[PDB]
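A quick write-up on the structure given underneath.
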Amino acid sequence: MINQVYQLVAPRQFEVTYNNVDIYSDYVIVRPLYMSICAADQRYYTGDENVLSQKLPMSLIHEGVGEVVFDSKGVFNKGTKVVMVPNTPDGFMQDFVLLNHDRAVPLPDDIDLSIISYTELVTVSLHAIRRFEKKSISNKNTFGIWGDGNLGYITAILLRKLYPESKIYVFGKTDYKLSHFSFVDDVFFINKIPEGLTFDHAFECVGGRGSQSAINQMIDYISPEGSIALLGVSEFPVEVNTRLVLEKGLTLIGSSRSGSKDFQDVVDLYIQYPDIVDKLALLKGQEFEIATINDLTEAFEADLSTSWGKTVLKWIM
Ligand SMILES: NC(=O)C1=CN([C@@H]2O[C@H](COP(=O)(O)OP(=O)(O)OC[C@H]3O[C@@H](n4cnc5c(N)ncnc54)[C@H](OP(=O)(O)O)[C@@H]3O)[C@@H](O)[C@H]2O)C=CC1
């Protein structure tokens, strides 16, 4: 069998190569259905230049869901709709994706797949939350979340669904984005934080040069002996006020890529509280049906220009 892979051969420029696919291997052959563009995929799509020319031809997307078209080992029946887990250290823009049986998680019968496409973000978030030893955290704690974007929103959702009596505060920059947080107890601008505000556990869901600012602020405002979960990637160093981490006894925990246990947990949560899938739906930005190469460039440019939400891709190549 012949697989068409849609690789990036130069920024803002896609081209198609071929490779063979063995129907009868210990993999499960999956056709992607919906898939979402990651910040990480946009770094490559636009632009070190020696690290760029390193993996220079490669497939991009890594957040997606699909149907089982073959399973030679007989585990998943044909057509089973499944969420696709990538490798923790090739991509999904191809006609078929081969997965280990533990790298493919089955979905319920009826479920909006266009919004299940960005389940990797939900796993990243749940992974971070679970880094706080659940025995230490009741629905009597009080959480803070920096960043009014996709990770911010998912984390707010998760804390509210599973720590239901707890308090949640969200800190951001724009009225547009902060209005989406309604199930939160209160919402603040980083510009307009009242003296006297307090919380014991916090989540940094800001990246880039903004992570530095977010971190110093939560260090300053957090109750002493509080813990902080680091989620944002900085791809650079950032100045930290360590004096205060000492004086206050703060614990800072880094959380990154997730494992297939988090994908199974996130699915089992979709089963449990479908409120999540409905709240997650507010993140679905624009959807694109991808039938030619052009239909990709348009989608990537549009995800560049996008204010709020994730850009979904309906795969019909
Ligand atoms: N740990 C992991 O495995 C993964 C980590 N990530 C990372 O998480 C980071 C961001 O995630 P995401 O929400 O999706 O990206 P977003 O583009 O949605 O940015 C999040 C929000 O934070 C805002 N912001 C900017 N500065 C600050 C500040 N100083 N304090 C509070 N909020 C600020 C931004 O508003 P504005 O635009 O106005 O600046 C933005 O609205 C990235 O670095 C990304 O790479 C994503 C995938 C998985």
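Quick note on naming: the chains in the structure tokens go A, B, ... in the order shown, residues restart at 1 in each chain, and ligands are numbered from 1 in order of appearance.
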Would you tabulate, counting only C-alpha atoms and all ligand atoms, all residues of chain A that have an atom at most 8 Å from an atom of ligand 1, showing the closest pair of atoms and their distance in Å to one decimal, sorted by chain then ascending number, as JSON lines?
```
{"residue": "A:38", "atom": "CA", "partner": "ligand 1", "partner_atom_place_in_ligand_line": "47 (C)", "distance": 6.9}
{"residue": "A:39", "atom": "CA", "partner": "ligand 1", "partner_atom_place_in_ligand_line": "45 (O)", "distance": 5.8}
{"residue": "A:40", "atom": "CA", "partner": "ligand 1", "partner_atom_place_in_ligand_line": "45 (O)", "distance": 6.1}
{"residue": "A:120", "atom": "CA", "partner": "ligand 1", "partner_atom_place_in_ligand_line": "48 (C)", "distance": 7.3}
{"residue": "A:121", "atom": "CA", "partner": "ligand 1", "partner_atom_place_in_ligand_line": "48 (C)", "distance": 5.8}
{"residue": "A:124", "atom": "CA", "partner": "ligand 1", "partner_atom_place_in_ligand_line": "3 (O)", "distance": 5.4}
{"residue": "A:125", "atom": "CA", "partner": "ligand 1", "partner_atom_place_in_ligand_line": "1 (N)", "distance": 7.8}
{"residue": "A:146", "atom": "CA", "partner": "ligand 1", "partner_atom_place_in_ligand_line": "31 (C)", "distance": 4.6}
{"residue": "A:147", "atom": "CA", "partner": "ligand 1", "partner_atom_place_in_ligand_line": "32 (N)", "distance": 3.4}
{"residue": "A:148", "atom": "CA", "partner": "ligand 1", "partner_atom_place_in_ligand_line": "21 (C)", "distance": 4.5}
{"residue": "A:149", "atom": "CA", "partner": "ligand 1", "partner_atom_place_in_ligand_line": "18 (O)", "distance": 3.4}
{"residue": "A:150", "atom": "CA", "partner": "ligand 1", "partner_atom_place_in_ligand_line": "13 (O)", "distance": 3.9}
{"residue": "A:151", "atom": "CA", "partner": "ligand 1", "partner_atom_place_in_ligand_line": "13 (O)", "distance": 4.1}
{"residue": "A:152", "atom": "CA", "partner": "ligand 1", "partner_atom_place_in_ligand_line": "13 (O)", "distance": 5.6}
{"residue": "A:153", "atom": "CA", "partner": "ligand 1", "partner_atom_place_in_ligand_line": "13 (O)", "distance": 7.7}
{"residue": "A:171", "atom": "CA", "partner": "ligand 1", "partner_atom_place_in_ligand_line": "31 (C)", "distance": 5.6}
{"residue": "A:172", "atom": "CA", "partner": "ligand 1", "partner_atom_place_in_ligand_line": "32 (N)", "distance": 4.2}
{"residue": "A:173", "atom": "CA", "partner": "ligand 1", "partner_atom_place_in_ligand_line": "38 (O)", "distance": 5.5}
{"residue": "A:174", "atom": "CA", "partner": "ligand 1", "partner_atom_place_in_ligand_line": "38 (O)", "distance": 6.1}
{"residue": "A:177", "atom": "CA", "partner": "ligand 1", "partner_atom_place_in_ligand_line": "41 (O)", "distance": 6.6}
{"residue": "A:190", "atom": "CA", "partner": "ligand 1", "partner_atom_place_in_ligand_line": "30 (N)", "distance": 6.1}
{"residue": "A:205", "atom": "CA", "partner": "ligand 1", "partner_atom_place_in_ligand_line": "10 (C)", "distance": 5.6}
{"residue": "A:206", "atom": "CA", "partner": "ligand 1", "partner_atom_place_in_ligand_line": "22 (O)", "distance": 4.6}
{"residue": "A:207", "atom": "CA", "partner": "ligand 1", "partner_atom_place_in_ligand_line": "43 (O)", "distance": 3.4}
{"residue": "A:208", "atom": "CA", "partner": "ligand 1", "partner_atom_place_in_ligand_line": "43 (O)", "distance": 5.5}
{"residue": "A:209", "atom": "CA", "partner": "ligand 1", "partner_atom_place_in_ligand_line": "26 (N)", "distance": 7.7}
{"residue": "A:210", "atom": "CA", "partner": "ligand 1", "partner_atom_place_in_ligand_line": "29 (N)", "distance": 4.3}
{"residue": "A:211", "atom": "CA", "partner": "ligand 1", "partner_atom_place_in_ligand_line": "29 (N)", "distance": 6.1}
{"residue": "A:212", "atom": "CA", "partner": "ligand 1", "partner_atom_place_in_ligand_line": "29 (N)", "distance": 7.2}
{"residue": "A:213", "atom": "CA", "partner": "ligand 1", "partner_atom_place_in_ligand_line": "29 (N)", "distance": 4.7}
{"residue": "A:214", "atom": "CA", "partner": "ligand 1", "partner_atom_place_in_ligand_line": "30 (N)", "distance": 4.5}
{"residue": "A:230", "atom": "CA", "partner": "ligand 1", "partner_atom_place_in_ligand_line": "1 (N)", "distance": 7.8}
{"residue": "A:231", "atom": "CA", "partner": "ligand 1", "partner_atom_place_in_ligand_line": "1 (N)", "distance": 4.7}
{"residue": "A:232", "atom": "CA", "partner": "ligand 1", "partner_atom_place_in_ligand_line": "8 (O)", "distance": 4.0}
{"residue": "A:233", "atom": "CA", "partner": "ligand 1", "partner_atom_place_in_ligand_line": "43 (O)", "distance": 3.9}
{"residue": "A:234", "atom": "CA", "partner": "ligand 1", "partner_atom_place_in_ligand_line": "43 (O)", "distance": 5.9}
{"residue": "A:255", "atom": "CA", "partner": "ligand 1", "partner_atom_place_in_ligand_line": "1 (N)", "distance": 5.5}
{"residue": "A:256", "atom": "CA", "partner": "ligand 1", "partner_atom_place_in_ligand_line": "1 (N)", "distance": 3.3}
{"residue": "A:257", "atom": "CA", "partner": "ligand 1", "partner_atom_place_in_ligand_line": "3 (O)", "distance": 3.9}
{"residue": "A:258", "atom": "CA", "partner": "ligand 1", "partner_atom_place_in_ligand_line": "3 (O)", "distance": 6.7}
{"residue": "A:307", "atom": "CA", "partner": "ligand 1", "partner_atom_place_in_ligand_line": "37 (O)", "distance": 7.6}
{"residue": "A:308", "atom": "CA", "partner": "ligand 1", "partner_atom_place_in_ligand_line": "18 (O)", "distance": 6.9}
{"residue": "A:309", "atom": "CA", "partner": "ligand 1", "partner_atom_place_in_ligand_line": "18 (O)", "distance": 7.2}
```
List every residue of segment 176-222 of chain A that has an atom at most 12 Å from any atom of segment 129-136 of chain A, giving for each one its closest atom pair and the distance in Å to one decimal, counting only C-alpha atoms, sorted by chain and then by ascending residue number, as JSON lines.
```
{"residue": "A:200", "atom": "CA", "partner": "A:136", "partner_atom": "CA", "distance": 11.3}
{"residue": "A:201", "atom": "CA", "partner": "A:132", "partner_atom": "CA", "distance": 9.0}
{"residue": "A:202", "atom": "CA", "partner": "A:129", "partner_atom": "CA", "distance": 9.8}
{"residue": "A:203", "atom": "CA", "partner": "A:129", "partner_atom": "CA", "distance": 8.5}
{"residue": "A:204", "atom": "CA", "partner": "A:129", "partner_atom": "CA", "distance": 11.4}
```
(request) Do a neighbour search on residue 104 of chain A at 8 Å with only C-alpha atoms, toss out local chain neighbours closer than 4 positions, and write the hits as a ChimeraX atom specification. (result) /A:82-85,99-100
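Atom to atom, atom CA of residue 63 of chain A and atom CA of residue 270 of chain A stand 16.9 Å apart.
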(message) To one decimal place in Å, what is the distance between atom CA of residue 265 of chain A and atom CA of residue 281 of chain A?
(response)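 Distance between the two atoms: 18.8 Å.
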(message) From a backbone DSSP assignment, name each residue in segment 64-229 of chain A labelled helix (DSSP H, G or I), as a PyMOL selection string.
(response) chain A and resi 101-103+113-116+119-131+134-136+150-162+175-178+208-221
(message) Please report the interatomic distance between atom CA of residue 17 of chain A and atom CA of residue 95 of chain A in Å with one decimal.
(response)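 About the pair atom CA of residue 17 of chain A and atom CA of residue 95 of chain A: they are 11.2 Å apart.
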(message) as a list in words, please: the residues near residue 181 of chain A (cut-off 8 Å, only C-alpha atoms, same-chain neighbours under 6 positions excluded).
(response)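 Listed by chain and then number, they are residues 153, 156, 170 and 187 of chain A.
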(message) Residues within 8 Å of segment 313-317 of chain A, please, as a count of residues only. Count only C-alpha atoms; anything in the same chain fewer than 6 positions from it doesn't count.
(response) 15
(request) From a DSSP pass on the backbone, collect the residues of segment 104-196 of chain A flagged as strand (DSSP E or B) and hand them back as a PyMOL selection string. (result) chain A and resi 104-106+142-146+167-172+186-189+192
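The shortest atom-to-atom distance to residue 42 of chain A, with only C-alpha atoms taken into account, belongs to A:8 out of A:105, A:16, A:197, A:8.
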(request) Have a look at A:169, A:300, A:92, A:76 and name the one nearest to residue 182 of chain A; count only C-alpha atoms. (result)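 Looking only at the distances to residue 182 of chain A, the closest residue turns out to be A:169.
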